[PDB]
Amino acid sequence: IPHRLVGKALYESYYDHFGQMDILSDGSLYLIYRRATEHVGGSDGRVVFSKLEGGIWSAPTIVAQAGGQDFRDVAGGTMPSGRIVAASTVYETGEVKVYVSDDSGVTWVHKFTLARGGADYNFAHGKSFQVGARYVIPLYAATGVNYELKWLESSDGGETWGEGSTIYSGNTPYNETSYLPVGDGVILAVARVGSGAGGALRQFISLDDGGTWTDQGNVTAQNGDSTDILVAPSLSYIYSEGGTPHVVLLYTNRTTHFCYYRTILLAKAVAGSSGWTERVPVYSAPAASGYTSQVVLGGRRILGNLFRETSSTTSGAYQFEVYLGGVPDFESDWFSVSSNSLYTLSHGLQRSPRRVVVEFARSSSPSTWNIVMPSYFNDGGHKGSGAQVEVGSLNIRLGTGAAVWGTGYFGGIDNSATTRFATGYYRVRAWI
Amino acid sequence: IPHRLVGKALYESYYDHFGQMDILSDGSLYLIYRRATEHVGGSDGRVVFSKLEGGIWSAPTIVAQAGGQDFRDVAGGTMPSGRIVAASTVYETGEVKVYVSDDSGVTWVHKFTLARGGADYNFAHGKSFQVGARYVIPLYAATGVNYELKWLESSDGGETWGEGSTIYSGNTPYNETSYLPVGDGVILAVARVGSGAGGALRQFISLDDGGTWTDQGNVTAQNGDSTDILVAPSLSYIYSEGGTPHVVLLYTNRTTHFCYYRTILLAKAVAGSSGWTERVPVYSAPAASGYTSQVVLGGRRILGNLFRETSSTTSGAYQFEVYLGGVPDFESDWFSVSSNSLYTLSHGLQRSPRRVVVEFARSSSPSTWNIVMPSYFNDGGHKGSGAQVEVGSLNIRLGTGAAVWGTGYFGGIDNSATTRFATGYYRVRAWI
Amino acid sequence: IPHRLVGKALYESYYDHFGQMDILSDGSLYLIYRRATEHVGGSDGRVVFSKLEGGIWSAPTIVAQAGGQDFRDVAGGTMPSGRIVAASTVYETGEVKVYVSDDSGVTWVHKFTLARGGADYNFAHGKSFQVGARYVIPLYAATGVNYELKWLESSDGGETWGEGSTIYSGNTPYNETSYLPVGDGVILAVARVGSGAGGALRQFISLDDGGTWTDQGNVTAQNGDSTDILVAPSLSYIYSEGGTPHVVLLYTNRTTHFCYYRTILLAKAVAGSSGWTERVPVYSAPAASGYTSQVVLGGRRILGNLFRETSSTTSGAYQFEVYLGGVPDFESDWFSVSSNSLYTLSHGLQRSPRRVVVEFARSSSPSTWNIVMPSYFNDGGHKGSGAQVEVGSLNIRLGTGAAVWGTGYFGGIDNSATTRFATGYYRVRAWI
């Protein structure tokens with residue numbers, strides 16, 4: 001039952017990549033992934049399964065292998081019954097093949113092959129999930145220069161499968177897409193765009209279990225990822241100490257070479273694609289790294305995996321844990337402030353927040369910031385420094401002094417007349 | 001597994017009311033309720049079941065209907081076995097009829113009818129619950145001008161039933177009563193009083209699984225509900241990020257037309273009926289609304305339902321979520337404070353609180369309040385403003401300045417000599 | 001499902017002691033323990049089981065009794081299957097006898113006896129636990145003046161048993177040892193040393209499910225237990241509101257006569273034996289008290305038991321609950337500070353902490369402390385009092401004023417020139 005993924009890795013100098021971590025009925029973590037000796041298309045990809053036992057990743061079981069065919073990404077995860085699903089596209093044919101296991105990785109059975117039909121290919125990718133009576137494996141497809149996002153579905157526990165809901169069909173090459181039931185009909189999705197270049201991930205939402213979809217635009221935070229290459233998004237659902245739900249997005253930035261997460265209030269995500277929080281690095285991701293996946297414990301505790309290259313032809317799985325702390329129920333942008341002014345922030349909360357923090361920085365993208373508390377200094381006349389705070393059932397209001405921060409009276413960081421700032425930026429956080 | 005009830009409703013222009021929301025073994029939420037085309041006694045009430053699937057409340061299954069009889073409130077919920085129980089009083093006969101389902105709302109079986117005996121009637125109402133080996137459906141009864149609160153019990157998983165524990169018997173018409181196992185023998189109860197007029201809900205407690213009961217008096221907070229009509233209380237159990245248990249009370253105020261909750265530390269509730277916190281509105285409740293019920297996830301996350309009228313003859317179920325945030329382990333009343341004084345608050349905590357907030361208002365029923373932090377102003381002489389704080393293993397102590405709040409140095413809310421307050425009110429909150 | 005252990009006790013004027021509390025499949029708490037009419041070796045110890053039902057500890061079932069033999073400590077707990085295990089050393093023979101129950105305390109079956117072999121004895125003690133496919137009962141042994149810590153293991157669900165991993169073998173009489181899977185191969189252990197005198201408990205860790213062990217030294221906090229008698233340690237695993245794992249250590253101090261807990265970040269515990277937090281008393285422990293054990297709910301909520309003497313020949317089980325609050329993700333020692341200085345604290349956190357508290361005391365072992373916020377006073381010239389704070393992704397930095405705390409302007413606790421402190425101690429806490 002408890003887990004510890006800090007520092008854990010599966011690495012045997014293969015090219016192990018493109019897979020999913022999930023958890024077995026018996027609480028054991030496992031990985032299903034493509035094991036190969038190259039990444040190039042038409043190389044030696046086989047679908048394999050490894051279980052984490054005693055802190056050691058097991059010698060992998062072969063799920064599916066065919067000379068001379070090349071299995072690509074491995075999609076799947078654990079169904080409600082405890083059956084495991086693994087699905088992978090055969091590079092040579094564009095067909096998706098689906099395997100299941102009822103003994104938890106020991107034996108595998110081929111259940112289904114999806115033919116291309118008129119499509120150039122169907123590409124299986126990502127964590128599979130339950131939607132009502134249906135279990136879903138996400139696919140992306142191209143047909144010349146039309147592109148589609150689709151679900152491959154089973155309503156009988158994996159015995160039979162079929163093309164189902166269609167999420168997108170258009171001229172934009174959306175591909176690797178993570179879907180998160182959030183639920184009672186609501187499904188959120190975040191998609192890689194083409195090569196990933198451009199600094200954007202696309203956000204879609206359905207309110208009817210995949211029946212219909214709205215394109216909500218690009219995932220948007222105050223401080224983005226420039227035009228960086230962004231790939232393989234993955235999503236998790238958590239809720240706070242008092243029941244507030246948030247969505248957590250992991251993604252890999254191949255320009256800065258880091259895997260990051262950001263969060264958003266589910267309420268905001270339902271409303272649109274803006275309101276995501278600041279990026280937090282959870283792992284270095286050199287070169288062609290990572291392809292994240294998560295298991296969540298206690299509605300609170302994210303266990304993660306990505307893949308990382310040690311060279312252009314070798315890679316392994318590296319696990320980690322995400323420590324979210326207490327996610328604010330309300331959080332402002334960094335916003336500009338001036339002296340002797342009044343700032344009024346609608347908090348949008350079900351009750352007045354019992355806790356509030358106000359912080360100060362000299363830009364809206366700071367690397368350091370100060371806690372704002374109402375002080376005083378004297379420069380010839382009497383002056384307040386910082387902010388007083390009023391809380392109520394609608395608003396947080398801030399009243400700034402002659403300086404919005406700083407006094408000159410405190411060592412190192414506030415030790416001269418020059419640290420008395422008449423202007424800058426505040427950020428307000430509030431917790432119910 | 002995840003749920004989202006924000007904005008959800010079951011409304012088909014019937015008079016749907018007086019029911020319970022609970023959760024099925026498979027994680028599906030459901031409602032059992034009285035569906036009719038009127039509210040008046042002797043109209044067309046039938047007991048019905050609806051399941052929430054894909055974000056859509058299902059066309060209801062008929063649980064029990066009889067021309068020309070009128071089923072009234074629907075009590076019940078999910079037993080430990082996954083069997084569902086629905087019970088309702090027949091208006092014409094005063095008899096309670098009990099139905100169960102073993103396939104989760106699809107089929108229903110009549111298990112029991114309770115005859116009046118010497119009582120004018122037995123009235124089934126509320127969420128049923130497990131007490132040790134017993135499953136309980138709450139009843140209220142009248143016999144002329146004697147009134148009783150009783151439990152209808154089964155010790156064989158719902159196969160057979162019988163009158164059990166008697167909670168109250170006297171001249172006061174206590175009726176709609178919610179019971180919450182809190183547990184190892186401790187059961188809390190909160191009861192509507194007569195019509196509900198008077199602004200009071202009555203609190204009872206047993207320490208022996210219903211064997212004996214103590215009347216603890218009226219539910220009491222610092223700021224009550226005047227003489228308002230208070231109806232249909234319902235209770236939930238949660239525990240904080242570090243294991244502190246609280247009880248959450250939902251109720252409908254038909255004078256202000258809002259459904260509210262308040263909370264109390266379980267430790268306080270065991271000790272008596274005072275110590276409840278401030279009311280928080282979770283839903284408008286026009287006219288003859290609501291009849292709340294809850295499901296709790298992760299010890300933390302309350303999912304709720306009430307019924308609301310759209311007219312005197314039409315009503316629906318409306319769901320919501322409660323965001324408790326981090327409930328304080330210690331919380332004072334608003335209490336009066338003066339300048340240059342020392343306030344000593346026994347926190348009652350198992351260890352010194354790691355976090356403390358002090359807030360200030362000009363009345364003990366404020367709509368806005370300020371965060372108290374030790375500042376300074378000069379009005380001819382040197383003066384502290386606000387409070388310094390000492391924490392220890394017994395007490396929080398506050399030392400007030402020449403002003404208990406205010407300086408005149410901060411925009412909007414603290415911008416004149418007039419905002420330098422020598423007196424007012426403080427509230428202290430503390431979190432372990 | 002909910003539990004309430006506040007004030008609960010099992011006491012019948014026997015000498016009831018040396019046992020374990022755990023929880024049954026059906027959510028019922030139970031105790032397995034030695035019931036006797038004396039504590040002396042060779043008296044009348046029998047292994048017994050009691051279940052908590054309706055808030056009342058049941059008349060105990062006899063698990064194992066033999067005239068004229070004396071069962072000593074009772075080790076065990078609940079296996080993953082729901083089978084209960086109870087094991088106890090027979091004083092006269094030094095043999096360990098193992099019993100199981102498949103009906104949850106009603107019937108017991110003897111499964112195994114461990115002969116001494118060359119050992120003076122094997123002594124069963126503590127909460128048993130699962131390690132992968134193995135279930136473990138801890139033993140300590142002596143062979144003249146060699147001492148060993150060992151695991152008695154079953155890999156078939158308790159049907160057969162055998163000596164397994166050896167944790168320690170040497171000249172130091174480590175004995176009562178608690179083991180906590182933390183997991184994926186990581187097991188922490190804390191051990192009583194000999195009689196317990198000396199103020200120390202010893203910390204060991206394995207990273208390979210008991211294959212190998214490292215002695216990490218004495219459990220170390222800033223403020224220890226002098227040379228006190230420390231006995232019967234026991235360990236629990238919890239995780240914070242955002243997934244940060246901590247270990248909680250309970251132990252009994254027979255010099256001060258209190259049962260205490262301390263906590264440590266799992267990350268710190270893996271790194272070594274220092275970093276434990278301050279002791280918190282959870283129960284008086286007169287004379288030869290207590291022998292703690294815990295059940296944890298929701299990753300958050302510790303339910304506890306110890307045994308307490310009412311005289312040299314009578315004792316009972318007393319239960320309690322531990323309220324951890326929000327455990328800091330980072331916490332400094334009390335460290336010395338001076339005026340007009342800059343303190344730089346590496347927080348070690350995955351992201352910048354959203355919340356920080358700074359407190360002040362005049363020693364590094366204070367009984368009271370003050371919250372530090374940047375104020376002002378004038379003693380002829382302008383002076384800051386307290387500290388300003390900078391937060392970033394690596395460090396918390398504090399800048400102190402001319403006084404590190406105090407102004408003379410606030411009633412009771414800060415009301416004279418004498419409370420303007422140029423030096424003292426700060427403690428910083430941070431929560432992600």
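Every chain is numbered from 1, with letters handed out A, B, ... down the list of sequences.
- Taking the side chain as every heavy atom from C-beta outward, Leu342(C) and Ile413(A) approach each other to under 4.5 Å.
- Chain C forms more heavy-atom pairs under 4.5 Å with one residue of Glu278(A), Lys8(A), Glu321(A) than with any other, namely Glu321(A).
- Proximity to chain C involves both the backbone and the side chain of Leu297(A), based on heavy atoms less than 4.5 angstrom apart.
- Proximity to chain C (any heavy atom under 4.5 Å) is restricted, for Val280(A), to the side chain, taken from C-beta onward.
- Taking CD1 of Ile56(A) as the start and CG of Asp209(C) as the end, the distance is 8.5 Å to the nearest 0.5 Å.
- Between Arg300(A) and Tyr239(C) there is a side-chain heavy-atom pair separated by less than 4.5 Å.
- If you take CZ on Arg4(A) and CG on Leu207(C), they are separated by 8.0 Å, rounding to the nearest 0.5 Å.
- Taking chain C as the reference chain and counting heavy-atom pairs below 4.5 Å, the highest number among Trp405(A), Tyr376(A), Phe410(A), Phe377(A) is found for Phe410(A).
- Interface remark: of the candidates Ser240(C), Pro181(C), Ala133(C), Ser240(C) forms the most heavy-atom pairs closer than 4.5 Å to chain A.
- In terms of heavy-atom pairs under 4.5 Å with chain A, the best-connected choice from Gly299(C), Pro353(C), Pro80(C), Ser341(C) is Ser341(C).
- Both the backbone and the side chain of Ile371(A) come within less than 4.5 Å of a heavy atom of chain C.
- Heavy-atom pairs under 4.5 Å with chain C were tallied for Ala361(A), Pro281(A), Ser375(A); the largest tally goes to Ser375(A).
- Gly183(C) approaches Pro2(A) most closely through the heavy-atom pair N-CB, 3.7 Å.
- Residues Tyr261(A) and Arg351(C) form a side-chain contact, since some pair of their non-hydrogen atoms from C-beta on lies under 4.5 Å apart.
- Per-residue heavy-atom pair counts under 4.5 Å with chain A were compared for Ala387(C), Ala402(C), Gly326(C), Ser339(C), and the maximum is reached by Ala387(C).
- Taking every heavy atom of both residues into account, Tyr237(C) and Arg301(A) meet most closely at OH-NH2, 3.4 Å.
- With a threshold of 4.5 angstrom between heavy atoms, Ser367(A) approaches chain C through N, CA, C or O but not through any side-chain atom.
- Within the 4.5 Å cutoff, side-chain heavy atoms of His382(C) are placed close to those of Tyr409(A).
- Between chain C and the residues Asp26(A), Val327(A), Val372(A), the largest count of heavy-atom pairs under 4.5 Å involves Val327(A).
- A distance of 4.0 Å separates CD of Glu390(C) from OG1 of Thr368(A), quoted to the nearest 0.5 Å.
- Of the listed residues (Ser393(C), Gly210(C), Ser385(C)), the greatest number of heavy-atom pairs within a distance under 4.5 Å of chain A belongs to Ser385(C).
- Among the candidates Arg354(C), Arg397(C), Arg355(C), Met373(C), the residue making the largest number of heavy-atom pairs closer than 4.5 Å to chain A is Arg354(C).
- Looking only at heavy-atom pairs under 4.5 Å with chain C, the residue among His3(A), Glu241(A), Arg429(A) that has the most is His3(A).
- Chain C forms more heavy-atom pairs under 4.5 Å with one residue of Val6(A), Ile1(A), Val322(A) than with any other, namely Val322(A).
- Between chain A and the options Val186(C), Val270(C), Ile187(C), heavy-atom pairs under 4.5 Å are most frequent for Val270(C).
- Side-chain contact check for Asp184(C) versus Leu5(A): some heavy-atom pair is nearer than 4.5 Å.
- One finds the CD1 atom of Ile432(C) at 8.5 Å from the CG atom of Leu324(A) (value rounded to the nearest 0.5 Å).
- Heavy atoms of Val296(A) lying under 4.5 Å from chain C are absent altogether.
- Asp414(A) touches chain C through its side chain: at least one heavy atom from C-beta onward sits under 4.5 Å away, while N, CA, C and O do not.
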